[PDB]
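**Q** Following this message is one structure expressed as structure tokens.
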Amino acid sequence: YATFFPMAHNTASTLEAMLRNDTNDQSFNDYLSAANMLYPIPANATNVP
Amino acid sequence: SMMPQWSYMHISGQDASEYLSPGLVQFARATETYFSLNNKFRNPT
Amino acid sequence: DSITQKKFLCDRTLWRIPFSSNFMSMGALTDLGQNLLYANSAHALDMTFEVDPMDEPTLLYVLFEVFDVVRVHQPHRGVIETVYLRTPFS
């Protein structure tokens, strides 16, 4: 399922044309912004390198 | 060093408002109440 | 005549350490990054952890906080152009 908006046509066309300039674009970043790693611990270990 | 990659990916330098074309800024200001756009760009710090 | 025990505990959280010169939070892009590429070099690192004994094997889980962003441009009808980038690891 998808939803749209009842935008007036020519207004939308102007917006789209203004949205295709190479100076315009799209930026996005993940809110976590980190890299994951994990390492093992044998039972009854107490020191980790 | 002034590594431009951060500017390119909008990591540093200008906020979203400046580098965008003026017409886009005007349009975004116009209809912010019922169609939001102000969070589709980085504008870092 | 007794003896005393003290303990503390706090779930639902993480252990976090910032890469600042004074640990303060004063900007998305930390100073120390700009300084250590003004200390432009390649470095190898080591970490040491001390913990308490546990019954069974476990996992030390770590997160390196970095930038990671991505761009999108559509020139013509029905075309998408996208480029990702993360700072330290590619």
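Protein chains in written order, with PDB author numbering: chain A, 627 to 675; chain B, 5 to 49; chain C, 868 to 957.
All C-beta atoms, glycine included, are put in the ideal place defined by N, C-alpha and C.
#1: Report buried or exposed for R944 of chain C, applying the criterion of at least 16 other Cβ atoms within 10 angstroms of its Cβ.
#2: With DSSP as the reference, please indicate the residues paired to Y951 of chain C in a beta bridge.
#3: Quick one: Cα of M644 of chain A to Cα of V674 of chain A, how far?
#4: CB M13 of chain B to CB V936 of chain C, shorter than 8 Å?
#5: Determine the burial state of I15 of chain B: buried for a count of at least 16 other Cβ atoms within 10 Å of its Cβ, exposed for fewer.
#6: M6 of chain B CB to nearest chain C CB: under 8 Å?
#7: Which residue comes first and which comes last in the alpha helix (DSSP H) that contains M644 of chain A?
#8: Under 8 Å by Cβ, that's how I've got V939 of chain C and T949 of chain C pegged, so tell me the actual separation to the nearest angstrom.
#9: I'd like to check one pair, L926 of chain C with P668 of chain A: are the Cβ atoms closer than 8 Å?
**A** Based on what the coordinates show:
#1: In the third sequence, the residue the question calls residue 944 of chain C occupies position 77. Result: exposed.
#2: Position 84 of the third sequence, counting from 1, holds the residue named residue 951 of chain C. Its beta-bridge partners are C:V937.
#3: Here residue 644 of chain A refers to the residue found at position 18 when the first sequence is read from its first residue. Here residue 674 of chain A refers to the residue found at position 48 when the first sequence is read from its first residue. One C-alpha to the other measures close to 56 Å.
#4: As a first step, residue 13 of chain B is located in the second sequence; it is residue number 9 there, counting from the start. As a first step, residue 936 of chain C is located in the third sequence; it is residue number 69 there, counting from the start. Their beta carbons are under 8 Å apart, which means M13 of chain B touches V936 of chain C by this criterion.
#5: Within the second sequence, numbered from 1, the residue matching residue 15 of chain B stands at position 11. With 16 or more other Cβ atoms within 10 Å, it is buried.
#6: Translated into positions along the second sequence, residue 6 of chain B becomes position 2. Chain C, which has no Cβ nearer than 8 Å to the Cβ of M6 of chain B, makes this no.
#7: Start at 1 with the first residue of the first sequence, and residue 644 of chain A comes out as number 18. Here the alpha helix (DSSP H) through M644 of chain A covers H635 to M644.
#8: Here residue 939 of chain C is taken as the residue at index 72 of the third sequence, counted from 1. Here residue 949 of chain C is taken as the residue at index 82 of the third sequence, counted from 1. Right, their Cβ atoms sit about 5 Å apart.
#9: Numbered from its first residue, the first sequence carries residue 668 of chain A at position 42. Numbered from its first residue, the third sequence carries residue 926 of chain C at position 59. No, these two residues do not count as a Cβ contact at 8 Å.
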